[PDB]
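A.B. asks: Structure here, sequence nowhere to be found:
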Ligand SMILES: CCOC(=O)c1ccc(OCCC2CCN(c3ccc(C)nn3)CC2)cc1
Ligand SMILES: *C(=O)CCCCCCCCCCCCC
Ligand SMILES: *C(=O)CCCCCCCCCCCCC
């Protein structure tokens, strides 16, 4: 995933 | 995820 | 210790002091004491005016007489105070103004008199009108100032289409607004039961959907005083006692100064 | 650095801003900036009112026209401001009031016009009267408010004993008070020399023998504007330019609140 | 912006009155509200900021 | 865990504590329980107030409007080829009464559109499936004069394109109020009459009314060109408040509504007749 | 970014904490469903707006 | 390959950072929805295209  |  | 009581109060604001030897504790409307607009809730950017002791003091309105036929009285705030010394001036010289209040209602009698006054503080007190016409009550008739208004026992419709009175028709058991009086207790209130107390003291915060608004275009609080139980004395059928309303502005602040507003109350 | 100047000023008080591109620095009367009454110089014990931005702002008085025959103009303070918005209200609703001021006097023309205005700020400006009668000038005539008064070139005595005018007779070279005008420079002043500057800015402290006094009974400062050198232009014998006086209250504080004072200016 | 000749001088009052009262018909009334006194000179132009003073959060 | 307070085993009393006595004049309600006036047992309470939360109370789609729109041959007279509706919860009475239990509210709004249609005339042939265009016109934006004019180009206004037979159309709207809360009641005016006014109509206003167009309109049309035979249709609008917060409680409307304000006209007799000593 | 929480089980099948999963598909929070896990508060501001709030066993008016 | 980010919550339900999830299904970036997390910039290139940009309190023309 990629959490900002 | 986020488990409450 | 010493001998203090729930029934003996002193209210001191500015150069004014009220003493009561027979009160029924005091209500702080919705649990909130009056306060100033915080920087994180602020909206007009201009530096406000805060007149403190010159506007936040006890103004006593003209006395009304309670008698056996009395149906009820009502005032709007800030309207009731529009002509009260430096408060009224600050109110009309600025576009914006907020205020909290201490309402102190006065009614004394004797151990042999009888009756119960319902003192009600209502947020956004919208009243019903005259006519077939909806939302037709005029600014001049909506705002009686110090004089206040009265309730009626039934709906007598303003019949003359040609030259309409454009007034309110406040029916007592409908709280003048389409709901039942017995439920008005969900609103901040006290009862002046003549065997128990001479007075009622309700402290009011500024309540509104905005931090500040036009005091000249809009009333925030309404004061409704309806006799829950009628005035009675000995056997004298035309008994009559005075009800005196004393109000003080609290944490008053003003924004948007310019030339004075002169409304037409004619 | 950057390019700043003695002649280019910005005065900002409350919601009011003045800009001048041709000033002559600015005078602070007697070296003292306006201030509030200190606890160790205090005398009325009641909590004061301090209206801040609603009273301490720039009020522009009615413009006067300077012309070839103009002998002089004079105003008194606080009198000049008695009807200026919330300041006047605070002044008349309280027994006691103190104030400092920024006086900004305006007179512009052209590189081809000529003349010099003497702008004088005087403590306790007592003027001379009409008559044979001593100290007979009436409150109504002593106080012209915003309109101010004028100077005269010679003493024409009010002759009619029967119905006396009870007015002042201010003779220009005697500063209207029995002394010579050339010495008025011992008082806080500036000169509007038309080849040098459009304006004069005098800042004034509260000066008095008391910390605070009755503003309605007593003027603290007097503003005298006498043409030291007459207005002249090209060769047009009836030249005429506007002189505009703009004044702001400073560090205003009020004591002894009660009902409003309504003086008789009739 | 003053677009007059350099030899022309003048002082102007420009104002903003927040809503609710009589719209100003006289300098005397305009004086009382937010205002700038512009003096004409080498700096050709004057800016008056109309400050956000309002009851609602968005007009 | 969200259950209510357990009941306490309480016993006999002989004391100078008198909780049964109070004074309602003070403005307060006595915080009593059975254990103060009677002997109680210990009950472990499992009951909860989960359905009466402000959210659960409003969590239901309520009908607030029926917009009637036709698709027929554009003739030269008054027709319903397109319709407009001022958005409001006040045309209906049911949701209006629930939201009016409170003075102020703040929420997001969900709109669900049930479209239904039918044949008007016994028979002129039939119609192919109709597509509906619901355009939101916020105050200021140009209102359509014609069913196929340029405003329907909708370059910046939100529009819904619904196809008959499909699952009902649905969208969400944020808290769009000009204030920190929607006012369900406004004790005021939008204009004030000044002494200096020319006529006395200049400063005249409707009592309790705020903005003229308040939130704008929904414009509806059949995007289809007209069939020979006419099709009448109804767009039913369901409204549901979500992520709800409410302030200052008010008494429920006890007499029938008479317009947008609090005005009453008739049926001012809400209560039944029942004898004082009759059960 | 999946959100997981316990259901409050009413009628239990003959089979203990049962969970449900939630995921937001939209950037604008207005687009979200209702969480319905709502906390409560005291009646007090309404049932006792008093400056001196008194104990139920002591005289209301002293 | 799931993308997770914080929603800017406007009207808060009575229940704090709430997130939403995004996944791209297509190879061609043109096929993607709009991220709408857009950064801003100065008016300057337009409001002050000056070679000597001056301080607002100093004379504009010196
Ligand atoms: C002042 C009393 O009224 C209300 O409190 C109240 C009444 C209506 C409310 O709805 C929000 C206003 C509008 C804003 C946007 N809107 C939209 C927007 C897009 C579409 C396709 N359809 N409808 C329709 C509703 C919200 C509050
Ligand atoms: C956090 O949500 C990461 C885990 C995502 C698991 C797969 C979800 C598949 C559905 C993605 C929904 C995209 C909606 C715009
Ligand atoms: C990164 O995305 C890995 C996690 C994927 C979780 C399951 C997603 C299920 C949907 C896959 C979409 C395929 C689209 C072409």
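C.D. replies: Sure, I can see it. Numbering: from 1, shown residues only, chains lettered A, B, ... in the order given. Ligands and ions are numbered 1, 2, ... in the order given.

A.B. asks: Which residue ranges of chain E form strands?
C.D. replies: E:11-16, E:34-39 (DSSP state E).

A.B. asks: Am I right that residue C:140 is in a helix?
C.D. replies: Yes: when DSSP: H, G, I helix; E, B strand; the rest coil is applied, residue C:140 is found to be in a helix.

A.B. asks: I'd guessed it sits against residue F:193; true?
C.D. replies: Yes: the pair residue C:140 / residue F:193 is scored as a contact, 7.1 Å apart, by CB atoms under 8 Å. Where C-beta positions appear, they are placed from N, C-alpha and C, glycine not excepted.

A.B. asks: Quick check: neighbours shared by these two?
C.D. replies: residue C:264 (CB atoms under 8 Å, 6 or more residues apart in numbering or on different chains).

A.B. asks: So between these two, which is more surrounded?
C.D. replies: With neighbours defined as other CB atoms under 10 Å in any protein chain shown, residue C:140 and residue F:193 compare such that residue F:193 has more, 20 against 15.

A.B. asks: quick one, what contacts that one?
C.D. replies: Residue F:193 neighbours (CB under 8 Å, 6+ apart): C:139, C:140, C:263, C:264, F:200, F:202, F:203, F:204.

A.B. asks: so which pair among the residues you listed is furthest apart in space?
C.D. replies: C:140 and F:202 (13.9 Å; CB to CB).

A.B. asks: before we move on, back to that, looking at the strands of chain E, which one is packed in the most?
C.D. replies: Compared across these, strand E:34-39 shows the largest average neighbour count, a mean of 23 (mean count of other CB atoms under 10 Å in any protein chain shown).

A.B. asks: other SSEs contacting that one?
C.D. replies: Packed against strand E:34-39 by the contact rule (3 or more CB pairs under 8 Å, 6 or more residues apart in numbering or on different chains; DSSP states H and E) you find strand D:16-20, strand E:11-16.

A.B. asks: since we're on residue C:133, how many residues are nearby?
C.D. replies: 15.

A.B. asks: dump the residue contacts of it.
C.D. replies: Counted by CB under 8 Å, 6+ apart, residue C:133 has contacts residue C:164.

A.B. asks: Can you tell me which residues in chain E are near chain C?
C.D. replies: E:17-22, E:24, E:29-30, E:32-34, E:51-57 (CB under 8 Å from any CB of the partner chain).

A.B. asks: I'd like to know which of the residues you listed are buried.
C.D. replies: E:17-22, E:24, E:29-30, E:32-34, E:51, E:53-55 (16 or more other CB atoms under 10 Å in any protein chain shown).

A.B. asks: With chain G as the reference, measure out to the closest residue to residue E:58 other than its chain neighbours.
C.D. replies: Distances taken as CB to CB, 6 or more residues apart in numbering or on different chains place residue F:178 nearest to residue E:58, at 5.1 Å, with adjacent residues excluded. From residue F:178 across to chain G, the span is 17 Å (CB to the nearest CB, to the nearest Å).

A.B. asks: Who are the contact partners of residue F:178?
C.D. replies: E:56, E:57, E:58, E:59, F:211.

A.B. asks: show me what contacts the fourth one?
C.D. replies: Which is residue E:59. Here residue E:59 is in contact with residue F:178 (CB under 8 Å, 6+ apart).

A.B. asks: any idea where the helices of chain G begin and end?
C.D. replies: G:44-47 (DSSP state H).

A.B. asks: How about the residues of it by chain E?
C.D. replies: Counting by CB under 8 Å from any CB, chain G has no residue next to chain E.

A.B. asks: What's the nearest residue in chain G when you look at ligand 1?
C.D. replies: For chain G and ligand 1, the shortest gap (CB to the nearest ligand atom) falls at residue G:30, measuring 10.5 Å.

A.B. asks: again, but for chain E
C.D. replies: For chain E, CB to the nearest ligand atom, closest residue to ligand 1: residue E:56, 12.6 Å.

A.B. asks: Find the nearest non-adjacent residue to that residue, please.
C.D. replies: residue F:178 (4.4 Å).

A.B. asks: Please, which helix or strand holds residue C:125?
C.D. replies: Taking DSSP states H and E as the definition, residue C:125 sits outside all helices and strands.

A.B. asks: pretty sure it contacts residue C:220?
C.D. replies: No: with contact defined as CB under 8 Å, residue C:125 does not reach residue C:220; the gap is 9.1 Å.

A.B. asks: any common contacting residues for those two?
C.D. replies: Shared contacts of residue C:125 and residue C:220, counting by CB under 8 Å, 6+ apart, come down to residue F:187.

A.B. asks: re the thing from before, would you reformat the helices and strands packed on strand E:34-39 as JSON lines and include distance to chain B?
C.D. replies: JSON lines is the format used below for the helices and strands packed on strand E:34-39 (distance: least, CB to the nearest CB, whole Å):
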{"stretch": "strand D:16-20", "distance to chain B": "54"}
{"stretch": "strand E:11-16", "distance to chain B": "51"}
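
A.B. asks: I'd like those strands laid out as CSV, including distance to residue D:30.
C.D. replies: Output for the helices and strands packed on strand E:34-39, formatted as CSV (distance: least, CB to CB, whole Å):
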stretch, distance to residue D:30
strand D:16-20, 23
strand E:11-16, 29
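
A.B. asks: buried ones in stretch F:223-231?
C.D. replies: F:224, F:226, F:227, F:229, F:230, F:231.

A.B. asks: Quick check: end-to-end length of stretch C:48-66?
C.D. replies: End-to-end distance of stretch C:48-66 (CA to CA, to the nearest Å): 41 Å.

A.B. asks: The helix or strand containing residue F:162 near chain G at all?
C.D. replies: In this assignment (DSSP H and E), residue F:162 forms part of strand F:159-163. No: judged by CB under 8 Å from any CB, strand F:159-163 and chain G are separated, with a smallest distance of 14.8 Å.

A.B. asks: Start from the N-terminal end of the stretch 101-250 of chain F and give the strands.
C.D. replies: For the stretch 101-250 of chain F, applying DSSP state E, counting those that start in this stretch gives strands covering F:102-119, F:131-137, F:159-163, F:169-173, F:182-183, F:217-222, F:231-249.

A.B. asks: Reformat those strands as a markdown table; add distance to ligand 1.
C.D. replies: Listed next are these as a markdown table, based on distance: least, CB to the nearest ligand atom, whole Å:
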| stretch | distance to ligand 1 |
| --- | --- |
| strand F:102-119 | 5 |
| strand F:131-137 | 4 |
| strand F:159-163 | 5 |
| strand F:169-173 | 4 |
| strand F:182-183 | 3 |
| strand F:217-222 | 6 |
| strand F:231-249 | 8 |
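
A.B. asks: hmm, back to that, please give me every residue in contact with the residue of chain E closest to ligand 1.
C.D. replies: Contacts of residue E:56 (CB under 8 Å, 6+ apart): C:210, F:178, F:179.

A.B. asks: can you tell me the residue of the stretch 51-200 of chain F closest to chain H?
C.D. replies: residue F:175 (4.1 Å; CB to the nearest CB).

A.B. asks: and that residue, how many residues sit next to it?
C.D. replies: Neighbours of residue F:175 (other CB under 10 Å): 18.

A.B. asks: Quickly find the element holding the nearest residue to residue C:129 once chain neighbours are set aside.
C.D. replies: Take residue C:129 and drop its neighbours on the chain: the residue closest to it by CB to CB, 6+ apart is residue C:137, 4.6 Å away. Using DSSP H and E, residue C:137 sits within no helix or strand.

A.B. asks: thought residue C:137 was touching residue C:167?
C.D. replies: Yes: the criterion here is CB under 8 Å, and residue C:137 meets it with residue C:167 at 6.4 Å.

A.B. asks: Need the overlap of contacts for the two.
C.D. replies: With CB under 8 Å, 6+ apart, residue C:137 and residue C:167 have common neighbours C:129, C:130.

A.B. asks: between the two, which one's more packed in?
C.D. replies: residue C:137 (27 against 18).

A.B. asks: distance of that one from residue H:15?
C.D. replies: 41 Å (CB to CB, to the nearest Å).

A.B. asks: do residue E:11 as well
C.D. replies: Distance from residue E:11 to residue H:15, by CB to CB: 61 Å.
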